[PDB]
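To start, the structure under review is shown below, and the notes come after it.
Reconstructed Cβ throughout: ideal geometry from the backbone, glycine too, with neighbour counts over all protein chains shown. What follows draws every value from the coordinates through simple rules; no lab data is involved.
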Amino acid sequence: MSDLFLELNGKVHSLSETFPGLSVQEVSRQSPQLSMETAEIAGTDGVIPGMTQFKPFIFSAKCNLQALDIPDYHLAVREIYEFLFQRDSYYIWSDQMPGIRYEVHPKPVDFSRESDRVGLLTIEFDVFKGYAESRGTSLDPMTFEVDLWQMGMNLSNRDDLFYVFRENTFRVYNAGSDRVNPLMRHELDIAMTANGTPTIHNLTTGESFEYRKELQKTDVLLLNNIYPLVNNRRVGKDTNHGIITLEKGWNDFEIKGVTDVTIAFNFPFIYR
Amino acid sequence: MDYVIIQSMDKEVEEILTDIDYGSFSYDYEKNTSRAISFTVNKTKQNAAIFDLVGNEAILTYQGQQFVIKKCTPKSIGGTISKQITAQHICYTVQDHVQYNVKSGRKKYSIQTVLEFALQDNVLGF
């Protein structure tokens, strides 16, 4: 059995459950739209590729609606149109792969009336970020009872994966298919509490974030995307304005200038 | 002749400028204002021998009239080399002769006297 789940206004709605007469036949996903920024020099052969990018793509769901009678059919069509089309983008996922969700916007799709009570539909959701992300962030535990993780999410079956560290040198595993960069509108949060003047170094990437003031254990330093704060107060003037990024796989992190470090990473995995 | 004759700056070699983009060719005249010809030449096998000669200060003969090139714009886009040629009638080159002497005071002149004064002892054959 196939079904489609929609996250809207903080509520999860099953498409089949919401509309009893509507059942999802099949789901499908367009392949990533790779595009190399070609540059052509006249007289030479081929192109000089720039930086490969990914265009928005389409997630499709073929379904059918079976109503009791004609007024019921029209009412169901209107209610489905009301439910699907909202002002802002929402989230969708499928039973087949319940660990991966897409932030999407609906597309105009017309009901194909086959009989007096049945109508075929092929809903298409445009995903504009160009990638899919996990339903849960890195802060969620990798436990069975959380009911969030599934197979095929590049989870390493060779070592434990935790995202809270108590020492000055450790490794963090980004399981996504893209390098997590807040400059690319990626979600990434770091919460560190320690004593002294801190400096975070990502050795594999080679990046370094530097804060130039003394810190106490009671003050939390929070880097969200491209904003560093202490106690939710912007302190960008007192930093080196550097930002760390998470490469694919393992990243070696070293923290200098502080003691009793407690650093936590909170970011979703980027799939495609 | 309706084609263009190209004579080098040093007048050593005079040939026919072929493969001119006649669609871009234009001849502009305005009384007491301007007299010029503008066009674009692409370097091809036919004119490869003399393509280096066409440039600034070269002379173009068109319909029996001489035009001095005053603006040349070589351009290279891959394998095509194009020059945008603008040439003014040789008469305006008379601006290269300056009469330094001054006939001070207010005086009634005719056209003949002023013209004789302007083109006195010319070295450009005007």
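Of all chymotrypsin sites (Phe, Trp or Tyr not before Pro) in the stretch A:2-106, which ones are in loop regions per DSSP and have a Cβ with at most 13 other Cβ atoms within 10 Å?
Details: sites: A:5, A:54, A:57, A:59, A:73, A:81, A:83, A:85, A:90, A:91, A:93, A:102; in loops: A:85.
Within the stretch A:2-106, the qualifying chymotrypsin sites (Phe, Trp or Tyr not before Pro) (loop, at most 13 other Cβ atoms within 10 Å) are A:85.
Among all the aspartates and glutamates, which ones have a C-alpha under 15 Å from residue B:11's C-alpha, if same-chain residues fewer than 8 places away are not counted?
List returned: B:52, B:57.
Starting with the fewest neighbours, write out A:159, A:147, A:252 ranked by other beta-carbon atoms found within 10 Å of each beta-carbon.
A:159, A:147, A:252
Tell me, B:85, A:41 in order of fewest to most beta-carbon neighbours within 10 Å?
Going from least to most buried by this count: A:41, B:85.
Give the Rg/Rh ratio for the stretch A:17-159, taking Rg as the radius of gyration of the Cα atoms and Rh as the Kirkwood radius, to two decimals.
With Rh from the inverse mean 1/r over Cα pairs, Rg/Rh is 1.11.
Among A:42, A:52, A:66, whose Cα projects farthest towards the positive end of the dipole of the stretch A:1-67, with charges put on the beta-carbon of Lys, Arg (+1) and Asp, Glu (-1)?
So the residue we want is A:66.
Just flag the trypsin sites (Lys or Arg not before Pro) in the stretch A:157-204 sitting in loop per DSSP whose Cβ has no more than 11 other Cβ atoms within 10 Å. Working shown, then result.
Numbers: sites: A:158, A:166, A:171, A:179, A:185; in loops: A:158, A:166, A:179, A:185.
Those satisfying the criteria are A:158, A:166, A:185.
Which value, in nm² and rounded to one decimal, describes the direction-averaged projected area of the C-alpha convex hull of chain B?
Its Cα hull, projected and averaged over all orientations, spans 10.3 nm².
At residue A:39 and residue B:82, where each label point lies 7 Å from the Cα along Cα→Cβ, what is the point-to-point distance in nanometres?
Roughly 2.3 nm, to one decimal.
Using a 10 Å cut-off around each Cβ, can you sort A:63, B:91, B:72 from fewest to most neighbouring Cβ atoms?
Ascending Cβ contact count within 10 Å gives the list B:91, B:72, A:63.
Under 13 Å from the Cβ of residue A:12, count the other residues' Cβ atoms, weight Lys and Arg +1, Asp and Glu -1, and hand me the total.
-2
Once the Cα atoms of helix A:70-84 and of chain A are each reduced to a long axis, what angle between those two axes, in degrees from 0 to 90 to the nearest 10, is obtained?
10 degrees
Using every alpha carbon pair in the stretch B:38-102, what percent of pairs falls into each 10 Å bin from 0 up to the bin containing the largest distance?
The calculated distribution, bin by bin, is 19, 44, 23, 10, 4, 1.
How many Cβ atoms of partner chains, on average, are near each residue of A:38-45 if near means within 10 Å of its Cβ? Spell out each step's value before the answer.
Values: counts 0, 0, 1, 1, 5, 5, 1, 0.
Mean number of neighbouring Cβ atoms from other chains: 2.
Against the 2.2 N^0.38 Å scaling, with N counting residues, where does the stretch A:193-272 land? I'd like the Cα-based Rg ratio to two decimal places.
With N residues counted in the stretch A:193-272, Rg over 2.2 N^0.38 Å equals 1.10.
Counting pairs of Cα atoms in chain A, how many percent are more than 34 Å apart?
Looking at chain A, the distances longer than 34 Å represent 37 percent of pairs.
Separation of the stretch B:79-126 and the stretch A:55-134 by C-alpha centroid, Å?
Using only Cα atoms to place each centre, the spacing works out to 81 Å.
With runs of 4+ DSSP H residues as the only contributors, calculate the mean residue ellipticity of chain A at 222 nm using -39,500 (n - 2.57) per run, divided by the residue total and rounded to the nearest 500.
Result for chain A, helices only: -2000 deg cm²/dmol.
Taking a threshold of 25 Å on the Cα-Cα distance, which of the pairs A:55/A:248; A:217/A:256; A:62/A:129; A:129/A:237; A:107/A:129; B:31/B:107 fall above it?
A:129/A:237; B:31/B:107
What net charge do the residues around residue B:53 carry, taking every other residue with its C-beta under 13 Å from that of residue B:53, with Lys and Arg at +1 and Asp and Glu at -1?
Cβ neighbours under 13 Å give a net charge of -3.
Which FRET efficiency value, to the nearest 0.05, do you get for residue A:122 and residue A:143 by plugging their Cβ-Cβ distance into 1/(1 + (r/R0)^6) with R0 = 45 Å?
0.75
Among the trypsin sites (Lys or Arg not before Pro) in the stretch B:1-97, which ones are in a DSSP loop with at most 15 other Cβ atoms within 10 Å of the Cβ? Mind listing them?
Of the trypsin sites (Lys or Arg not before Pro), the ones in loops of the stretch B:1-97 whose Cβ has at most 15 other Cβ atoms within 10 Å are B:11, B:31, B:45.
Between the stretch A:184-229 and the stretch A:29-45, how many Å separate their Cα centres?
37 Å
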